[PDB]
Amino acid sequence: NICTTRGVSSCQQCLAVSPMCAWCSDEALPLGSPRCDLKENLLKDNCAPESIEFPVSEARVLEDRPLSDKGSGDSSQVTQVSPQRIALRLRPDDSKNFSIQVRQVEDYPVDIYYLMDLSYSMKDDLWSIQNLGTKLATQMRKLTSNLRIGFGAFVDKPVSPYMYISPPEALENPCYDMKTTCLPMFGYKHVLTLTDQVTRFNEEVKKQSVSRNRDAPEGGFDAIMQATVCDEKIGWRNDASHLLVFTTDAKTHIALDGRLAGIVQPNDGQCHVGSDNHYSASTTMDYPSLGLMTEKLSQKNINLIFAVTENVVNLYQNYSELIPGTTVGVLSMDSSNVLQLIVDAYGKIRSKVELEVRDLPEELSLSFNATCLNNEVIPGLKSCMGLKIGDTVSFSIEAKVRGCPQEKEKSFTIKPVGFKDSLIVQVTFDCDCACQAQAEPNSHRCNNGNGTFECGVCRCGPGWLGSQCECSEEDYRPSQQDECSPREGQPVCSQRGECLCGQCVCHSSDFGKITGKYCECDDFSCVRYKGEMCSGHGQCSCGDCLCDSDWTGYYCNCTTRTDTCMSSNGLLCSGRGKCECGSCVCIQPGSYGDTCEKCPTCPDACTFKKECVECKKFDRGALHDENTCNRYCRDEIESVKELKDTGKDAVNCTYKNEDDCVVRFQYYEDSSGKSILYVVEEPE
Amino acid sequence: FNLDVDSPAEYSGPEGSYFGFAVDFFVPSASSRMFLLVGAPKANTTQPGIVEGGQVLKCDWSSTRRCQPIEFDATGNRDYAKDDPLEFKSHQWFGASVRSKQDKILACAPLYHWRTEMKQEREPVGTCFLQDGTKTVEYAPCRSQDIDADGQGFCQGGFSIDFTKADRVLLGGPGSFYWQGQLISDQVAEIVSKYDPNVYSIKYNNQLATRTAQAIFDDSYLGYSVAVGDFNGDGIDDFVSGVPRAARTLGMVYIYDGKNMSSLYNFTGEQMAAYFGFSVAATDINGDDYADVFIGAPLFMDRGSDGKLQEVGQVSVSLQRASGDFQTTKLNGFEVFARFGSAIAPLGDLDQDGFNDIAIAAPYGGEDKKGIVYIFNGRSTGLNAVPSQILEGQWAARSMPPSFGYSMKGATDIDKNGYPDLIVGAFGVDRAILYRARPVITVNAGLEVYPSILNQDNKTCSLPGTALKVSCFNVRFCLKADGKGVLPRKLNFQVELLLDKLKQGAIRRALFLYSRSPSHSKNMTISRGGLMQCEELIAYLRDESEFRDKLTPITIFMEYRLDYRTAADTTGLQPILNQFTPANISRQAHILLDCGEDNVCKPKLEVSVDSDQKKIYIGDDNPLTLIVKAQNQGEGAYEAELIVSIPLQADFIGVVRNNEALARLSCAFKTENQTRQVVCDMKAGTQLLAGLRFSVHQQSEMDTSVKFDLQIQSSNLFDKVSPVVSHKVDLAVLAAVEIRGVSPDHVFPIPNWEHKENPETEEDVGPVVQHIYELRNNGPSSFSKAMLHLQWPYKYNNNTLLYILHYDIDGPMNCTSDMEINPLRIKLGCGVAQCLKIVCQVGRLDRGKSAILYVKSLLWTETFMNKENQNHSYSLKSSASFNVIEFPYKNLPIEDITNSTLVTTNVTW
Ligand SMILES: CC(C)(C)c1cc(Br)cc([C@@H](CN(C(=O)CN)C(=O)c2cc(O)cc(Nc3ncc(O)cn3)c2)C(=O)O)c1
């Protein structure tokens with residue numbers, strides 16, 4: 001079997017060759033039996049059990065605490081990930097698994113930072129927020145109890161193609177030409193630090209004033225960057241959700257857009273808000289690119305909300321597709337609906353969780369199997385959505401190594417995006433056996449010394465060979481009695497090496513090592529995808545291109561990640577197909593597309609709705625007992641007695657039930673994305 | 001790969017002056033000296049009252065390297081009236097953009113202001129200065145009577161500039177017409193002749209300039225970067241301009257005609273906010289005499305492992321074909337936040353291989369954050385996606401990043417060695433670096449042994465110094481070297497021959513005759529040209545008593561090197577060897593394996609081939625596999641080799657693994673001498689059975705089958721070639737086409753409905769009923785034309801069962817009805833009732849393509865009220881079918897495919 005044709009030469013090679021191999025190193029030397037094949041074999045063959053070396057992977061929780069139930073003011077007792085630190089032990093060829101739990105704690109502290117564009121078109125907008133603080137308090141009282149509110153403003157850089165200077169007195173008042181008054185241009189100014197006294201917000205709004213811009217795109221990205229990175233100035237709380245509201249009216253400037261203004265120094269991401277609260281580097285630092293903004297938002301755990309007027313929604317929505325965790329909404333031209341938008345955005349970014357890995361070594365690889373609500377397992381993906389506050393979800397992860405690198409101890413973390421808590425994994429490798437502590441180089445136990453006694457057979461030095469090193473290059477005895485031939489007729493060492501005094505030794509090589517008692521194995525002739533080379537995310541031994549946990553395949557050529565394969569409705573491949581290794585393949589004809597949601601021949605939605613309606617109306621059916629019927633009911637269900645047929649695209653349906661009565665139901669969706677449905681209280 | 005990184009030229013400017021923001025070569029025709037033009041937009045000047053005026057400096061070469069500014073304009077702000085200045089030259093960023101053609105230099109101040117003649121105002125039109133030999137003129141095409149932001153007032157002309165072959169200047173202003181941008185193109189002679197220092201808004205007759213567009217095109221920044229190249233075959237350079245904020249900030253590239261400013265081409269990026277068009281280059285990368293386009297997106301974010309968006313940048317390479325289209329490939333970045341693609345510099349042919357090469361910068365990448373430059377070589381297929389050289393910055397940062405690579409200029413041999421050199425700008429540390437290119441040498445090596453098979457008893461020659469006899473042969477070592485450019489006439493090569501490579505302490509078998517060692521090193525001189533002019537040496541074998549390993553081949557090994565110091569030339573520019581030429585070469589020999597036939601061995605080699613894929617389809621994911629049997633019925637063969645040769649279009653996946661009963665091999669895939677083959681790898685009477693994977697598709701379109709050829713070639717002297725064998729696989733057209741459709745399934749009176757004399761709306765008749773059908777091709781082959789029929793009951797017992805309303809189609813098909821559609825202008829099968837037939841014809845559909853048909857109809861509620869009164873019922877039903885009539889493959893056989901489907905609907909009261 002395996003572990004016998006390979007390894008054997010030493011304990012370390014026996015450990016490294018394959019996960020299931022073993023080694024026994026008794027001083028009895030029971031020759032004629034293998035010391036490397038398997039554990040139960042070493043149990044027999046009269047080899048000492050206490051000398052049997054067989055490390056196995058082991059993972060045990062170091063620090064874990066129960067998930068919190070109501071975090072309405074606990075200083076540090078609030079928990080959201082139940083295991084916080086685990087120790088992972090890996091024999092350097094194998095893998096093992098562990099579980100994570102993530103919870104949305106009720107009544108979690110919230111810090112909202114309202115950032116506003118202050119162009120002239122924003123003027124009426126500025127008038128509508130004069131009482132925003134009290135309304136925000138009275139609306140978020142029922143959601144959180146630690147609301148903190150901050151205020152910041154921006155127009156654009158007071159530099160070149162934005163305002164320059166003016167030969168008349170427009171420098172101190174640009175609005176005199178329009179027989180009005182306004183502040184001079186300002187890039188970004190911190191106005192109100194996050195405070196729990198809501199009324200100050202209102203007190204701080206009446207004193208604001210807009211400024212004249214040359215229309216044009218605004219400078220909001222600088223303001224967002226400074227709001228995220230200025231930890232002390234803005235006043236973020238570590239153990240609190242962080243909503244950054246960004247209200248704007250017009251288009252936006254990008255990185256490398258400031259080169260027209262003479263600014264060529266890239267944004268560095270540090271905080272440049274002085275004592276005056278004005279962005280000092282506004283005239284010297286370029287706009288931040290979306291990569292840097294995404295990085296800083298992830299690092300500081302800030303969730304970004306784009307409150308924009310209709311004019312530009314189709315732009316910012318698309319921008320939100322390049323910065324995960326961003327929520328775009330609709331804002332009236334008078335900005336009278338901003339509070340409802342913020343409540344909806346907060347309620348919608350708390351409804352989904354998502355795991356990310358930080359400080360993952362290049363050696364390691366991970367595979368994720370998620371478990372969402374209703375106790376359904378959706379393997380292959382790490383992000384769950386559709387949650388509600390107070391709900392808990394779980395994930396299973398297995399971690400595999402190609403081998404073990406020079407380092408012996410490493411660490412990384414698995415963290416839910418937007419959360420404070422995380423799980424810290426400390427990984428270690430048992431590359432070497434335990435016996436090296438009793439190594440005796442050049443001992444008389446080995447003939448004429450000339451080598452090292454490594455807990456068993458001597459490892460011969462240069463010029464010496466064979467067990468016990470009884471043969472050398474000065475003798476080269478041809479008498480072999482160890483079956484030094486892989487096959488009858490075939491060369492003794494398959495022409496890849498030569499047999500000397502009983503054993504094969506493999507000769508030189510150009511682009512790969514050679515392993516095996518018959519020189520039958522290498523690490524350069526592995527099968528390859530598209531004939532190029534073994535993709536690298538996995539092992540290449542004996543012509544086999546093994547793969548990692550996240551790169552699995554015959555040729556290591558198609559990822560097992562299931563991030564692309566879920567549909568927008570919140571379930572895998574629109575429920576008509578499965579993700580194979582990155583593309584939804586669906587099992588029914590008349591269906592095609594990325595997720596096979598484009599099926600024209602598929603029947604009306606109310607056909608799939610009828611069983612959910614029956615479940616939510618009457619207690620009958622096997623699916624009702626199994627409660628799998630709850631999977632279908634993604635849309636909100638309400639019982640009514642009047643036909644709410646009023647709707648632009650409201651869809652009706654009828655069902656002839658088993659009884660003589662007829663079931664009637666309706667459904668429609670709105671702009672906020674919440675789809676609702678109504679069932680008539682009594683069947684017809 | 002030949003840029004000299006061991007001794008770059010260093011230039012430094014005043015601290016904090018952005019020395020290096022713009023770089024170009026100055027090559028005047030009036031002298032043999034060439035300069036570096038380095039822009040310092042923040043350099044303080046001696047102009048009266050001018051703070052941060054900017055400069056352009058001519059840094060010299062082959063001297064005490066010192067940069068002295070050019071005195072383009074020695075005056076300050078002019079006066080419009082008493083105490084009314086006309087100009088504002090402070091912080092004008094002069095030298096931010098520098099270009100030079102022949103003895104003409106164009107420097108530009110993008111941030112120049114001026115006092116409008118209409119009213120007291122300060123507007124950044126930007127200006128430029130053109131130095132032509134001894135004369136120097138001011139060129140400000142955006143200083144015209146268009147004053148406000150809606151005109152050329154905020155033009156910022158000179159942001160990007162470029163000369164052309166026909167001595168015509170292109171200038172881009174990203175601020176014209178509410179920052180729509182503008183390209184202004186003017187003849188140099190006109191600019192020089194039409195200059196009056198007292199005239200502020202000059203009129204040029206031959207000005208080509210793009211004009212204002214709709215308000216949607218605003219904030220486009222047309223002219224951010226410009227390039228010139230020919231793209232309609234007229235011989236006149238066309239205009240390539242970046243519009244990085246076009247198409248909702250997706251970024252675009254316009255190509256305008258070079259003689260009347262007409263739109264020729266548009267390129268559009270794929271990701272927003274990427275500044276697709278930040279840098280544009282136009283050069284031929286594959287030597288087809290057609291200019292190819294390179295477009296940079298330094299902020300491109302691509303998806304890596306773990307599905308994370310990484311900001312690496314991208315370069316889109318579009319190759320120009322004679323058909324007028326472009327073949328586009330993408331080249332992603334290497335490091336994160338390095339902004340790969342910020343600067344794209346053509347170099348011409350860096351190594352003079354025949355295909356032009358390019359350089360692309362990552363100004364914020366490498367060790368620390370001090371910028372690097374990747375050099376790419378061009379091939380026949382286009383750009384090579386693997387950089388052949390990495391230039392690394394070597395300057396610690398300061399208050400601002402060094403930004404090594406923010407500017408380059410190539411395609412100029414500052415050294416006059418025959419290989420174009422490069423300049424890299426480091427304006428963050430106020431430095432400019434000159435990388436010279438070393439000559440590339442191509443070397444061929446030859447190694448052979450005359451007998452190549454040693455009968456161990458052939459003790460023909462006696463070892464010197466004694467009377468013993470040994471079996472000996474000869475080894476020939478030959479070298480050839482050549483290169484382009486200025487190279488020394490003689491090169492020195494160190495050659496080492498190892499007479500036994502694979503064995504290492506194993507005792508060797510072959511020894512040098514004039515020595516007793518398996519290694520021989522010699523120094524020899526090579527002329528750049530000449531001939532091989534090579535020598536031979538004699539080696540022998542030790543007697544049988546020394547060793548017993550006779551099966552192992554004796555491997556002769558050759559390594560060659562050259563002393564770079566000897567050929568370093570006067571300036572210290574030492575040459576380099578070609579990147580892909582091999583430096584080591586090996587041969588193999590064997591001892592006689594007791595064949596004894598005629599002092600050599602005679603093998604007999606046969607092959608056979610088969611597969612389960614007797615017939616194959618036109619095109620799909622080909623699972624094609626081959627089972628091959630190889631037999632050596634004769635004596636053993638030395639270095640026997642199996643070759644699989646395939647016609648024009650095919651591919652090789654690999655050898656089948658995890659099959660124990662099938663013998664595994666290490667077969668490999670090669671393509672050389674415009675011939676593509678699979679080459680795979682014995683003792684007498686050897687049988688082997690192997691399996692292989694292949695991907696084959698039809699692209700020639702004259703034969704209905706595909707062929708394969710097999711060959712066996714070995715090192716044996718007599719049985720060199722085995723008889724050739726051929727294999728055939730038939731081609732098939734399997735266009736699996738199907739139809740499927742669905743009806744609402746069931747329909748229930750209408751509330752608040754009253755009878756009317758005639759219905760005028762849809763609700764007056766009754767509810768709507770929809771039927772949806774789809775004809776879809778799920779087969780590995782496409783079909784040309786097909787027809788489908790829909791059979792539908794229409795009336796029964798003088799009662800309208802249903803009322804057709806309108807059609808809907810998706811796909812290239814045309815339908816037709818046998819009776820009037822919607823006879824009344826509204827705003828129970830066919831076996832027993834009046835029928836209606838709908839015949840539709842659909843064109844070509846490929847694999848996975850389909851045509852979809854939608855029908856909506858109205859339910860006549862009066863008929864069902866009469867049904868309820870009369871106490872009966874209707875069993876409504878309908879049918880459909882299709883038949884294919886044509887396949888696009890005329891030469892291929894055609895088959896008939898016909899099917900049908902049935903639908904139904906239920907109505908209750
Ligand atoms: C003092 C100051 C600096 C306040 C000032 C002085 C003068 Br004196 C004149 C103005 C006008 C100029 N203007 C005007 O349009 C005039 N009202 C623009 O500057 C302008 C700019 C764009 O960069 C795009 C567009 N048009 C546009 N915008 C968005 C879009 O999606 C498409 N097009 C328009 C204004 O903005 O109010 C301002």
# chains A, B, ... in the order shown; residues from 1 in each chain; ligands from 1
$ interface_residues --of "chain A" --to "chain B" --cutoff "6 Å" --atoms "only C-alpha atoms" --output "list in words"
residues 291, 463, 507, 508, 530, 531 and 601 of chain A
$ residues_around --residues "residue 620 of chain B" --least-positions-apart "6" --cutoff "9 Å" --atoms "only C-alpha atoms" --output "JSON, numbers by chain"
{"B": [697, 780, 781, 847]}
$ write_last_selection --atoms "N, CA, C and O atoms" --output "short mmCIF file (atom, residue, chain, number, x, y, z; two decimals), in the first residue's frame"
data_model
loop_
_atom_site.label_atom_id
_atom_site.label_comp_id
_atom_site.auth_asym_id
_atom_site.auth_seq_id
_atom_site.Cartn_x
_atom_site.Cartn_y
_atom_site.Cartn_z
N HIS B 697 -11.85 21.09 -33.21
CA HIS B 697 -13.02 21.74 -33.77
C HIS B 697 -12.76 22.06 -35.23
O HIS B 697 -11.61 22.20 -35.66
N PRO B 780 -25.01 20.54 -29.68
CA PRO B 780 -23.66 21.05 -29.94
C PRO B 780 -23.48 21.68 -31.32
O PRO B 780 -22.36 22.05 -31.66
N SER B 781 -24.54 21.80 -32.12
CA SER B 781 -24.45 22.38 -33.45
C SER B 781 -25.58 23.38 -33.66
O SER B 781 -26.62 23.31 -33.00
N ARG B 847 -25.82 27.25 -30.12
CA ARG B 847 -26.02 26.45 -28.92
C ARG B 847 -26.40 27.35 -27.75
O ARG B 847 -25.69 28.32 -27.44
#
$ closest_residue --among "A:245, A:484, A:305, A:565" --to "residue 499 of chain A" --atoms "only C-alpha atoms"
A:484
$ closest_atom_pairs --of "chain A" --to "ligand 1" --cutoff "8 Å" --atoms "only C-alpha atoms and all ligand atoms" --output "JSON lines"
{"residue": "A:162", "atom": "CA", "partner": "ligand 1", "partner_atom_place_in_ligand_line": "3 (C)", "distance": 6.5}
{"residue": "A:163", "atom": "CA", "partner": "ligand 1", "partner_atom_place_in_ligand_line": "3 (C)", "distance": 5.1}
{"residue": "A:170", "atom": "CA", "partner": "ligand 1", "partner_atom_place_in_ligand_line": "1 (C)", "distance": 7.6}
{"residue": "A:174", "atom": "CA", "partner": "ligand 1", "partner_atom_place_in_ligand_line": "1 (C)", "distance": 5.8}
{"residue": "A:175", "atom": "CA", "partner": "ligand 1", "partner_atom_place_in_ligand_line": "1 (C)", "distance": 7.6}
{"residue": "A:212", "atom": "CA", "partner": "ligand 1", "partner_atom_place_in_ligand_line": "4 (C)", "distance": 4.3}
{"residue": "A:213", "atom": "CA", "partner": "ligand 1", "partner_atom_place_in_ligand_line": "4 (C)", "distance": 4.3}
{"residue": "A:214", "atom": "CA", "partner": "ligand 1", "partner_atom_place_in_ligand_line": "36 (O)", "distance": 3.4}
{"residue": "A:215", "atom": "CA", "partner": "ligand 1", "partner_atom_place_in_ligand_line": "36 (O)", "distance": 3.5}
{"residue": "A:216", "atom": "CA", "partner": "ligand 1", "partner_atom_place_in_ligand_line": "23 (O)", "distance": 3.5}
{"residue": "A:217", "atom": "CA", "partner": "ligand 1", "partner_atom_place_in_ligand_line": "23 (O)", "distance": 6.5}
{"residue": "A:250", "atom": "CA", "partner": "ligand 1", "partner_atom_place_in_ligand_line": "29 (C)", "distance": 7.0}
{"residue": "A:251", "atom": "CA", "partner": "ligand 1", "partner_atom_place_in_ligand_line": "31 (O)", "distance": 6.7}
$ select_by_dssp --residues "segment 228-316 of chain B" --states "strand (DSSP E)" --output "PDB file with C-alpha atoms, in the first residue's frame"
ATOM      1  CA  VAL B 228      -1.378  60.364 -32.566  1.00  0.00           C
ATOM      2  CA  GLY B 229      -1.600  57.456 -34.984  1.00  0.00           C
ATOM      3  CA  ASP B 238      -5.440  60.618 -36.635  1.00  0.00           C
ATOM      4  CA  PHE B 239      -6.101  61.968 -33.144  1.00  0.00           C
ATOM      5  CA  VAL B 240      -6.386  59.688 -30.110  1.00  0.00           C
ATOM      6  CA  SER B 241      -7.754  61.379 -27.001  1.00  0.00           C
ATOM      7  CA  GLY B 242      -8.629  60.141 -23.540  1.00  0.00           C
ATOM      8  CA  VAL B 243     -12.008  61.092 -22.094  1.00  0.00           C
ATOM      9  CA  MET B 252     -13.609  56.408 -23.054  1.00  0.00           C
ATOM     10  CA  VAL B 253     -11.124  57.004 -25.846  1.00  0.00           C
ATOM     11  CA  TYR B 254     -12.017  58.940 -28.976  1.00  0.00           C
ATOM     12  CA  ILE B 255     -10.229  58.540 -32.291  1.00  0.00           C
ATOM     13  CA  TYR B 256     -10.947  61.514 -34.559  1.00  0.00           C
ATOM     14  CA  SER B 263     -15.221  60.832 -35.376  1.00  0.00           C
ATOM     15  CA  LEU B 264     -13.602  57.528 -36.358  1.00  0.00           C
ATOM     16  CA  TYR B 265     -13.611  55.207 -33.336  1.00  0.00           C
ATOM     17  CA  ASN B 266     -14.738  54.988 -29.726  1.00  0.00           C
ATOM     18  CA  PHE B 267     -13.344  52.762 -26.980  1.00  0.00           C
ATOM     19  CA  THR B 268     -15.273  52.270 -23.738  1.00  0.00           C
ATOM     20  CA  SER B 279      -2.815  57.447 -20.445  1.00  0.00           C
ATOM     21  CA  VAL B 280      -3.018  56.539 -24.128  1.00  0.00           C
ATOM     22  CA  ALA B 281      -0.329  55.276 -26.487  1.00  0.00           C
ATOM     23  CA  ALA B 282      -0.401  54.477 -30.197  1.00  0.00           C
ATOM     24  CA  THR B 283       2.299  52.217 -31.614  1.00  0.00           C
ATOM     25  CA  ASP B 292      -2.205  49.580 -32.153  1.00  0.00           C
ATOM     26  CA  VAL B 293      -3.775  51.291 -29.145  1.00  0.00           C
ATOM     27  CA  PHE B 294      -2.831  50.998 -25.470  1.00  0.00           C
ATOM     28  CA  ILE B 295      -5.210  52.506 -22.908  1.00  0.00           C
ATOM     29  CA  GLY B 296      -4.413  52.729 -19.197  1.00  0.00           C
ATOM     30  CA  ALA B 297      -6.839  52.405 -16.285  1.00  0.00           C
ATOM     31  CA  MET B 301     -10.195  46.941  -9.519  1.00  0.00           C
ATOM     32  CA  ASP B 302     -10.196  43.263 -10.466  1.00  0.00           C
ATOM     33  CA  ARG B 303     -11.416  40.191  -8.615  1.00  0.00           C
ATOM     34  CA  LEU B 309     -11.673  43.463  -5.337  1.00  0.00           C
ATOM     35  CA  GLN B 310      -7.998  44.423  -5.637  1.00  0.00           C
ATOM     36  CA  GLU B 311      -6.963  47.807  -7.023  1.00  0.00           C
ATOM     37  CA  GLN B 314      -5.162  47.542 -16.154  1.00  0.00           C
ATOM     38  CA  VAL B 315      -4.012  48.184 -19.709  1.00  0.00           C
ATOM     39  CA  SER B 316      -6.252  47.464 -22.692  1.00  0.00           C
TER      40      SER B 316
END
$ residues_around --residues "residue 66 of chain A" --least-positions-apart "4" --cutoff "9 Å" --atoms "only C-alpha atoms" --output "mmCIF file with N, CA and C atoms, in the first residue's frame"
data_model
loop_
_atom_site.group_PDB
_atom_site.id
_atom_site.type_symbol
_atom_site.label_atom_id
_atom_site.label_comp_id
_atom_site.auth_asym_id
_atom_site.auth_seq_id
_atom_site.Cartn_x
_atom_site.Cartn_y
_atom_site.Cartn_z
ATOM 1 N N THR A 79 -21.287 40.255 23.192
ATOM 2 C CA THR A 79 -20.590 39.319 22.325
ATOM 3 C C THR A 79 -21.439 39.062 21.092
ATOM 4 N N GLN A 80 -20.767 38.855 19.964
ATOM 5 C CA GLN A 80 -21.440 38.538 18.714
ATOM 6 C C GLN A 80 -20.865 37.328 18.002
ATOM 7 N N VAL A 81 -19.633 36.928 18.302
ATOM 8 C CA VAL A 81 -19.052 35.682 17.819
ATOM 9 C C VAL A 81 -18.736 34.833 19.041
ATOM 10 N N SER A 82 -19.273 33.615 19.083
ATOM 11 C CA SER A 82 -19.142 32.827 20.304
ATOM 12 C C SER A 82 -17.722 32.292 20.492
ATOM 13 N N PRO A 83 -17.068 31.703 19.485
ATOM 14 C CA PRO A 83 -15.646 31.381 19.670
ATOM 15 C C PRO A 83 -14.786 32.567 19.257
#
$ residues_around --residues "residue 470 of chain B" --least-positions-apart "5" --cutoff "9 Å" --atoms "only C-alpha atoms" --output "number ranges by chain"
B: 456-463, 540-543
